[PDB]
Structures are given as C-alpha cells and as structure tokens.
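Asker: The following file, query_25.txt, comprises compact mmCIF, C-alpha atoms and all ligand atoms:
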```
# COMPACT_ATOMS: atom_id res chain seq x y z
CA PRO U 1 -24.71 -1.75 19.43
CA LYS U 2 -26.50 -2.73 16.22
CA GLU U 3 -25.47 0.13 13.92
CA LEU U 4 -21.83 -0.75 14.10
CA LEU U 5 -22.67 -4.27 12.91
CA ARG U 6 -25.05 -3.00 10.23
CA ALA U 7 -22.24 -0.63 9.27
CA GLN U 8 -20.08 -3.75 8.86
CA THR U 9 -22.65 -5.80 6.93
CA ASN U 10 -22.77 -3.20 4.15
CA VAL U 11 -18.99 -2.87 3.86
CA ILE U 12 -18.59 -6.59 3.11
CA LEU U 13 -21.78 -6.75 1.05
CA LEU U 14 -20.30 -3.77 -0.87
CA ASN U 15 -17.32 -5.97 -1.68
CA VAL U 16 -18.69 -9.20 -3.09
CA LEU U 17 -20.11 -6.63 -5.54
CA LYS U 18 -16.79 -4.72 -5.84
CA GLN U 19 -15.38 -7.90 -7.36
CA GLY U 20 -18.04 -8.80 -9.97
CA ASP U 21 -21.79 -8.21 -10.29
CA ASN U 22 -23.87 -10.88 -8.59
CA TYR U 23 -27.29 -12.07 -7.40
CA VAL U 24 -28.34 -12.96 -3.87
CA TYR U 25 -28.15 -16.85 -3.77
CA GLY U 26 -24.68 -16.38 -5.05
CA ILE U 27 -23.88 -13.37 -2.86
CA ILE U 28 -25.33 -15.24 0.13
CA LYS U 29 -23.18 -18.35 -0.29
CA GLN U 30 -20.23 -16.27 -1.49
CA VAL U 31 -20.11 -14.68 1.98
CA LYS U 32 -20.85 -17.97 3.75
CA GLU U 33 -17.87 -19.58 2.03
CA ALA U 34 -15.90 -16.40 2.69
CA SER U 35 -16.96 -16.82 6.34
CA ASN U 36 -15.97 -20.51 6.77
CA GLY U 37 -19.64 -21.15 7.55
CA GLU U 38 -20.31 -18.45 10.14
CA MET U 39 -22.03 -15.60 8.25
CA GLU U 40 -25.30 -17.03 6.96
CA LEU U 41 -27.39 -14.29 5.34
CA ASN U 42 -31.13 -14.34 4.69
CA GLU U 43 -32.85 -13.56 1.40
CA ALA U 44 -35.24 -11.14 3.11
CA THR U 45 -32.38 -9.59 5.09
CA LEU U 46 -30.17 -9.02 2.04
CA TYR U 47 -33.01 -7.57 -0.04
CA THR U 48 -33.99 -4.86 2.46
CA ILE U 49 -30.32 -3.85 2.64
CA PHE U 50 -29.90 -3.75 -1.14
CA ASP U 51 -33.12 -1.79 -1.49
CA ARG U 52 -31.86 0.94 0.79
CA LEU U 53 -28.45 1.05 -0.91
CA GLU U 54 -30.18 1.11 -4.30
CA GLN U 55 -32.39 4.01 -3.27
CA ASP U 56 -29.38 5.93 -1.99
CA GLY U 57 -27.72 5.22 -5.34
CA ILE U 58 -24.97 3.03 -3.90
CA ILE U 59 -25.90 0.10 -6.18
CA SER U 60 -28.31 -0.43 -9.09
CA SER U 61 -30.18 -3.41 -10.50
CA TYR U 62 -30.62 -4.99 -13.93
CA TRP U 63 -31.81 -8.26 -15.45
CA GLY U 64 -29.91 -11.24 -16.81
CA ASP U 65 -30.24 -13.42 -19.88
CA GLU U 66 -32.41 -16.52 -20.38
CA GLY U 67 -34.25 -19.49 -18.76
CA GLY U 68 -35.71 -17.27 -16.07
CA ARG U 69 -35.73 -13.75 -14.66
CA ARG U 70 -32.76 -12.91 -12.46
CA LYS U 71 -31.91 -9.60 -10.76
CA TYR U 72 -28.23 -8.62 -10.73
CA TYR U 73 -26.55 -5.97 -8.58
CA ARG U 74 -23.43 -3.99 -9.50
CA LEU U 75 -21.20 -1.52 -7.69
CA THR U 76 -22.16 1.97 -8.83
CA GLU U 77 -19.71 4.86 -9.17
CA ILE U 78 -20.51 6.65 -5.91
CA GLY U 79 -20.67 3.27 -4.19
CA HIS U 80 -17.03 2.86 -5.21
CA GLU U 81 -16.06 6.06 -3.38
CA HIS U 82 -18.02 5.12 -0.25
CA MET U 83 -16.28 1.74 -0.09
CA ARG U 84 -12.91 3.52 0.01
CA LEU U 85 -14.06 6.22 2.41
CA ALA U 86 -14.81 3.43 4.88
CA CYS U 87 -11.30 2.30 3.87
CA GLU U 88 -9.63 5.66 4.50
CA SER U 89 -11.65 5.74 7.73
CA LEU U 90 -9.66 2.68 8.84
CA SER U 91 -6.35 4.34 7.93
CA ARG U 92 -6.84 7.10 10.51
CA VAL U 93 -8.56 5.38 13.45
CA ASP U 94 -6.10 2.46 13.29
CA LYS U 95 -3.11 4.70 13.97
CA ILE U 96 -5.10 6.99 16.28
CA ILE U 97 -5.63 4.00 18.59
CA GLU U 98 -1.92 3.17 18.77
CA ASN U 99 -0.87 6.80 19.24
CA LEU U 100 -3.18 6.80 22.27
CA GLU U 101 -1.37 3.73 23.61
CA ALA U 102 1.87 5.66 22.99
CA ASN U 103 0.86 8.87 24.81
CA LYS U 104 1.25 7.18 28.23
CA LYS U 105 4.73 5.55 28.63
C1 LIG C 1 -10.58 -0.93 2.63
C2 LIG C 1 -10.78 -1.18 4.12
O1 LIG C 1 -9.84 -1.13 4.89
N1 LIG C 1 -12.07 -1.44 4.52
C3 LIG C 1 -12.49 -1.81 5.83
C4 LIG C 1 -11.84 -2.85 6.52
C5 LIG C 1 -12.28 -3.22 7.79
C6 LIG C 1 -13.39 -2.59 8.38
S1 LIG C 1 -13.85 -3.13 10.01
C7 LIG C 1 -15.46 -2.43 10.28
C8 LIG C 1 -16.18 -2.90 11.39
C9 LIG C 1 -17.44 -2.37 11.71
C10 LIG C 1 -17.99 -1.36 10.90
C11 LIG C 1 -17.28 -0.90 9.79
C12 LIG C 1 -16.00 -1.41 9.46
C13 LIG C 1 -15.28 -0.86 8.26
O2 LIG C 1 -15.74 0.11 7.68
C14 LIG C 1 -14.06 -1.56 7.69
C15 LIG C 1 -13.59 -1.17 6.42
```
Would you put the structure from the file into structure tokens?

Answerer:
Amino acid sequence: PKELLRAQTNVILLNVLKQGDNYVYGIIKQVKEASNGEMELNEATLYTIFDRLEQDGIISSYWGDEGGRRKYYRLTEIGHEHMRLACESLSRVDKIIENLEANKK
C-alpha cells in the first residue's frame, strides 16, 4: 500500500542528506536528476516529511550564510544508524526470498 512507498521515500531522502547537507530546491532536483526525471517531489510534501524526521531526531535544521535566509538539513547521528538498519534489513530479506525459492526443488 502507501506505507511501503512512504518507507521508501524516507530511505532515499535520508541519502541525499547522507552525502552532504542540503536544502529542498536542491534536494528536490537532486532526486529528480537521480531519477532521470521520474521522481518529482513537492516543496510541501518534502517539508512535512522533514518535519516528522526532525521531530523524531532523525535530522536537524540550521541556517546558512548571506543574501537571504536558507534552511539546511543534515544527517544526524541516530539517523545514520537508521539508514543502515534499513540497509541490514535488505541483507536478510534478500537472501530469505531466494532460500524460499530453494526450499522447493
Ligand atoms: C543500504 C541499503 O541497502 N538500503 C536500501 C536499499 C534498497 C531499499 S528498497 C526499499 C523499498 C521500499 C521500502 C524500503 C526500502 C529500503 O529500506 C531499502 C534500503
């Protein structure tokens, strides 16, 4: 349903941040270019997501230099562990699926 895909939006949003702090206009078109023009994100959509992650302490926000105000987001410490738990969660279920295709023939 929808909470597999929202579980996938965070894991890639958690990775344009893993590789340098960034703002949204940049994050937005950094995932559009990463998506060959297929994953177009909204400003309002991204913000609600980052607010939740920021409340849960998965990312934090700070300001830039000048000029004009500009909110930047960075991967926090416990956001680093989550990103690799979702990674170690692939390591199991990806061999579990093949072992199930093996326990037949
Ligand atoms: C590090 C790593 O392997 N991370 C990773 C790769 C691919 C996926 S696919 C996916 C799809 C839908 C929801 C979640 C989801 C993942 O957590 C990962 C994680």

Asker: What is the distance between CA of residue 48 (chain U) and CA of residue 66 (chain U), in Å to one decimal?

Answerer: 25.7 Å

Asker: Counting all atoms listed in the file, which of U:55, U:103, U:61, U:15 gets nearest to ligand LIG 1 (chain C)?

Answerer: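 Using all atoms listed in the file, ligand LIG 1 (chain C) sits closest to U:15.
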
Asker: Which residue gives the smallest distance to ligand LIG 1 (chain C) among U:69, U:32, U:52, U:92, with only C-alpha atoms and all ligand atoms counted?

Answerer: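 Of all the options, U:92 lies closest to ligand LIG 1 (chain C).
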
Asker: Would you pick out the contacts of residue 83 (chain U) at 7 Å or less, using all atoms listed in the file, so that residues sharing its chain but fewer than 3 positions from it are not included, and give the list as a list in words?

Answerer: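 Once the adjacent positions are removed, what remains is residues 11, 14, 79, 80, 86 and 87 of chain U.
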
Asker: Would you mind listing, for every residue of chain U within 8 Å of ligand LIG 1 (chain C), the two atoms forming the shortest contact and the distance between them in Å to one decimal, using only C-alpha atoms and all ligand atoms, sorted by chain and ascending residue number, as a tab-separated table?

Answerer:
```
residue	atom	partner	partner_atom	distance
U:4	CA	C:LIG1	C10	5.0
U:5	CA	C:LIG1	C9	5.7
U:6	CA	C:LIG1	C10	7.3
U:7	CA	C:LIG1	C10	4.6
U:8	CA	C:LIG1	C10	3.8
U:9	CA	C:LIG1	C10	7.6
U:11	CA	C:LIG1	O2	5.8
U:83	CA	C:LIG1	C1	6.9
U:84	CA	C:LIG1	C1	5.7
U:85	CA	C:LIG1	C1	8.0
U:86	CA	C:LIG1	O2	4.4
U:87	CA	C:LIG1	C2	3.5
U:88	CA	C:LIG1	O1	6.8
U:89	CA	C:LIG1	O2	7.0
U:90	CA	C:LIG1	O1	5.5
U:91	CA	C:LIG1	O1	7.2
```

Asker: Please produce region 2-16 of chain U, completed to N, CA, C and O atoms, as a compact mmCIF listing (two decimals), in the coordinates of the input.

Answerer:
```
# COMPACT_ATOMS: atom_id res chain seq x y z
N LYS U 2 -26.10 -2.08 17.46
CA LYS U 2 -26.50 -2.73 16.22
C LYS U 2 -26.11 -1.97 14.97
O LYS U 2 -26.08 -2.56 13.89
N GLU U 3 -25.81 -0.68 15.08
CA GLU U 3 -25.47 0.13 13.92
C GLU U 3 -23.96 0.27 13.71
O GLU U 3 -23.53 1.05 12.86
N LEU U 4 -23.25 -0.57 14.44
CA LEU U 4 -21.83 -0.75 14.10
C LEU U 4 -21.84 -1.99 13.22
O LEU U 4 -21.24 -1.97 12.15
N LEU U 5 -22.61 -3.01 13.64
CA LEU U 5 -22.67 -4.27 12.91
C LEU U 5 -23.41 -4.14 11.58
O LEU U 5 -23.06 -4.82 10.61
N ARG U 6 -24.44 -3.29 11.52
CA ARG U 6 -25.05 -3.00 10.23
C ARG U 6 -24.13 -2.16 9.36
O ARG U 6 -24.17 -2.25 8.13
N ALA U 7 -23.28 -1.34 10.00
CA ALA U 7 -22.24 -0.63 9.27
C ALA U 7 -21.15 -1.57 8.77
O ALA U 7 -20.40 -1.20 7.86
N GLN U 8 -21.04 -2.76 9.35
CA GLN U 8 -20.08 -3.75 8.86
C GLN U 8 -20.69 -4.69 7.83
O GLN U 8 -19.98 -5.17 6.95
N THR U 9 -22.00 -4.95 7.92
CA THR U 9 -22.65 -5.80 6.93
C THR U 9 -22.56 -5.17 5.54
O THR U 9 -22.22 -5.85 4.57
N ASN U 10 -22.83 -3.87 5.44
CA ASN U 10 -22.77 -3.20 4.15
C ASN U 10 -21.37 -3.23 3.56
O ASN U 10 -21.21 -3.49 2.36
N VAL U 11 -20.35 -3.01 4.39
CA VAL U 11 -18.99 -2.87 3.86
C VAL U 11 -18.48 -4.18 3.25
O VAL U 11 -17.68 -4.17 2.32
N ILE U 12 -18.94 -5.33 3.75
CA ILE U 12 -18.59 -6.59 3.11
C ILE U 12 -19.56 -6.94 1.99
O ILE U 12 -19.17 -7.54 0.99
N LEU U 13 -20.84 -6.57 2.14
CA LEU U 13 -21.78 -6.75 1.05
C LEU U 13 -21.40 -5.89 -0.15
O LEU U 13 -21.59 -6.28 -1.30
N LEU U 14 -20.84 -4.70 0.12
CA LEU U 14 -20.30 -3.77 -0.87
C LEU U 14 -19.01 -4.26 -1.48
O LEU U 14 -18.36 -3.53 -2.24
N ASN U 15 -18.59 -5.49 -1.18
CA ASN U 15 -17.32 -5.97 -1.68
C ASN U 15 -17.40 -7.30 -2.41
O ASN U 15 -16.51 -7.57 -3.23
N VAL U 16 -18.41 -8.13 -2.15
CA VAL U 16 -18.69 -9.20 -3.09
C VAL U 16 -19.20 -8.61 -4.40
O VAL U 16 -19.11 -9.24 -5.46
```
